Amino acid sequence: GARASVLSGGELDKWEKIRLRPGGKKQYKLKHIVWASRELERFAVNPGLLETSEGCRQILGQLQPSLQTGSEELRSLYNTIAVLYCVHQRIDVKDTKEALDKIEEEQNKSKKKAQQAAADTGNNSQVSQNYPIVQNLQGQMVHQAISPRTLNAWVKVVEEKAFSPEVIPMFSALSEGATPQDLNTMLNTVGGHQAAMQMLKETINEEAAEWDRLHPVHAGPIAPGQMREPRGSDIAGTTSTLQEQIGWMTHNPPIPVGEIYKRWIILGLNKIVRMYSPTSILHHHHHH
């Protein structure tokens, strides 16, 4: 009966401009909001948090876990707040589920910032660290690096058709079973599109993650000094050095460390080319 304070004029129009559950054919209302906030109070949480996007965040935040401990009804409550959060951010939504995906992106965005900070942390409780040391050992075999003559050759290749199906093979040829220091050098001298190179890095990096994902590392008490099993990251040169790389490559048995990384590049370049391809055709085929 008149009198209220939760959603704004336009903000409310957005809230109400969101269909509830699918198959219900119901639109959100201030009543649902009140009920939403009401549920919060029941959860022993400040209902005034729903009045603001900040408080809503704290809820939805501490609701994700309570969701798996809440119930079907409690879930709907969370879905209600989620949508509200979208209205706060003003994300293009239509249904409650849409908010989940919408708010999802936003969250992943925010959390990102946090992560970034945590990285270059500054104002927070820190702890000291130690610095161990061990005698340096000598590996085996010494592979030669890449020459500048080849780099130039590739450079010409890139300038020829950096992005193309006739370049993917050409590059792999000049990078035939190459290392990270070599492949990195070549990819360095490259020059076609940073954007393309960016995505390639994503596919490459993703290749390692996926590799390790499908690569179950279950090595017990390996021998002392033995050559453990390097993961996609290791092959990337993050957990392994060039020396260790070439070695792992020429190890017994020999592991396609460099080959794996090389294939990664081809993977990306493949997508890069598939993107800069001359009027490509559509295609699709899968098994259910």
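For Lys94, the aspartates and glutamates whose Cα comes closer than 13 Å to its Cα, not counting residues fewer than 8 places off in the same chain, are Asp13, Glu16.
Label-to-label distance, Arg42 versus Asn130, with points set 7 angstrom from Cα along the beta-carbon direction: 5.3 nm. Here the 3J(HN,Hα) profile of the range 86-99, calculated from phi with Karplus coefficients 6.51, -1.76 and 1.60 at θ = phi - 60°, is 5, 5, 5, 7, 6, 8, 4, 10, 9, 10, 4, 4, 5, 5 Hz, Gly and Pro shown as x. Pairs exceeding 31 Å between alpha-carbon atoms, taken from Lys25/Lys111; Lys29/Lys109; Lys109/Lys161; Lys29/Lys113; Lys14/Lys113: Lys25/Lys111; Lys109/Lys161; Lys29/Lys113. Using 0.36 nm per residue and subtracting the Cα-Cα separation, the extra length available between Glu54 and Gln144 on full extension is 26.6 nm. Rounded to the nearest Hz, the phi-derived 3J(HN,Hα) couplings of the range 241-253 under the Karplus curve 6.51 cos²θ - 1.76 cosθ + 1.60 (θ = phi - 60°) are 8, 4, 3, 4, 5, 3, x, 4, 5, 9, 7, 10, x, where x marks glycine and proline. Across the range 163-171, computed HN-Hα scalar couplings (Karplus, 6.51 cos²θ - 1.76 cosθ + 1.60, θ = phi - 60°) run 10, 4, x, 9, 10, 4, x, 4, 6 Hz from first to last residue, x flagging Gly and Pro.
If the only charges are +1 at each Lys and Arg Cβ and -1 at each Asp and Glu Cβ, what is the size of the charge dipole of the range 217-274 around the Cα centre, to the nearest 20 debye? Don't skip to the end; give the middle numbers.
On the way: 6 positive and 4 negative charges, 66 e Å.
Dipole of the range 217-274, to the nearest 20 debye: 320 debye.
Inter-part distance, the range 18-43 to the range 135-175, computed on C-alpha centroids, equals 60 Å.
Fewest neighbouring Cβ atoms within 10 Å first, the residues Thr189, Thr279 line up as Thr279, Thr189. About its Cα centre, the chain has a charge dipole of approximately 1000 debye under the convention of +1 per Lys or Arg Cβ and -1 per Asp or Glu Cβ, with nothing else charged.
Cβ sites come from the backbone with ideal geometry, for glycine too, and all protein chains shown count toward neighbours. Only the coordinates and a few stated rules stand behind these numbers; no lab work does.
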